[PDB]
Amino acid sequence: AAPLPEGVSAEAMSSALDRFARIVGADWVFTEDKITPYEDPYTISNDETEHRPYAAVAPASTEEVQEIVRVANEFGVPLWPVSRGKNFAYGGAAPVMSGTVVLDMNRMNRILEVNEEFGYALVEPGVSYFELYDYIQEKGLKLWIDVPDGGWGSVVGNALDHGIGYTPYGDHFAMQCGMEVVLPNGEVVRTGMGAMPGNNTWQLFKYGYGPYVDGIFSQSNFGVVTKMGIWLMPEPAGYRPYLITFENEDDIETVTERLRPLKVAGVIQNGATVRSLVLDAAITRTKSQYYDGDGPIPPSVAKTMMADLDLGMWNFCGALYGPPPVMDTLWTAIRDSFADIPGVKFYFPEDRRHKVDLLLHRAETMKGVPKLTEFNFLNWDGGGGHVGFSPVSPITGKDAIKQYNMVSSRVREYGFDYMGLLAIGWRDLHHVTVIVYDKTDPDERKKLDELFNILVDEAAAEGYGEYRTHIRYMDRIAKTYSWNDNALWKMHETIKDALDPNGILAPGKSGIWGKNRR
């Protein structure tokens, strides 16, 4: 079973569960066997006392949330809010500290507004990418959404976690506009213009007046977000996805050099993604279809996969947006930036000879169509879980290839296949390492945990820091931001103790604890 959270009497916990049950009704308080949906689905720990949720409560309304939060204060019980809790590779729905009651906000799934003239939506945390896409299609509205690679997750939760997608609206939190928040004391606030009664501008103007605070409720335990606005891209007048491939692994140095001017200037309109061979292949193939051995793939097999699949060692999947004349012009600039590189190949969808193909999968993603089929890389090695590591770096060939060499060697010494991606947002490069592992085998869990720790350690030392991580690694990633004896987190701790003096909101999120657990 799961243990009580330290400092919390068994009487006080059962008093809390009863008063929660009055608030949401007895049907919506979960214990015992009902609680396995809220486990980490991709186990990393070998210790079964860690990241174990104790109960779940699922309110219907903002006001029920406040009532819980007030109760949680009275009995000093901690809560762990999830919008839908489909945060795979980050912990799923599970809390950092054991003993935590999960506040599940699935049921709060109303789409309050979708406005076509102004290109926005106002949504509760329960609304998924699938629900929002389907609503938009059904009503015939000319708006695109921006989806991660799995659309069963939360428009809100993903944005609060600094999620990304693959359209020009790829920076989810950046497109957030207006929120309603239940503070850790149980008071309700609205940010920006929503603080102004009678406004029709909540989702039109981010700032409102005075200190801009939306951001303090992202990657945070300073409040529970119960409503959130997000800007939506008007349907454009044109759309052309492409794939550029490169033959050699060393190609990533010059390729990254040429993306810099294109990205900084905005000639490329979405995030640029340059994916390694195995990461792309694993969408439509598995390792055992190409190699017998338990080890990572030898070079000769890599060549086979390249020739079969029409993929390079690096694969740049992008998309043009806008009227055909603009697209033609941007394409001339993009293509010309890469033409002189030996081995380079350029494809539009018509030129892909396979009808089950990387480019045809990612054409859907790059126009905001949510889909299940990215999760296919999970099957590369017979079926397991994934871990991601995605630190930030300057957009430089030299930083690109250093990260590639550093990571690929260690991943491969550990017997995993190198699956990596060079992503660029706007001025920021991320080298994303994804490691598929057997979540059911404790010997591979020990291996993966150690590998992850080392990668983080070696990346930080070169200046590369993580921006989003798994519940398990939250403290570790916090300790990377340590300038002036951890001055930043001390300020976080100061705000935490002011908004949450009893520390009853997600103790340990982003490595923020509060005075009682510190």
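Start at 1 with the first residue shown and count on from there.
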Report the stretch with the higher mean CA temperature factor, choosing between 293-301 and 332-340 on the basis of the entry. 293-301
Mean C-alpha B-factor higher for 471-479, or for 44-52? 44-52
Highest Cα B-factor in the PDB entry belongs to which of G119, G223, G382, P168? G382
Please work out which residue in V82, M306, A159, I395 has the highest C-alpha B-factor recorded for this crystal structure. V82
By the entry's values, the third containing the CA B factor of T433 is the middle
Taking the entry's C-alpha B-factors for this chain, is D134 in the lowest, middle or highest third? highest
Against its chain's modelled residues, does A498's Cα B factor rank lowest, middle or highest third? lowest
Using the B-factors in the PDB entry, rank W202's C-alpha atom against the chain and give the third, lowest, middle or highest. lowest
Where the record places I35 (Cα B-factor, split into thirds across the chain): highest
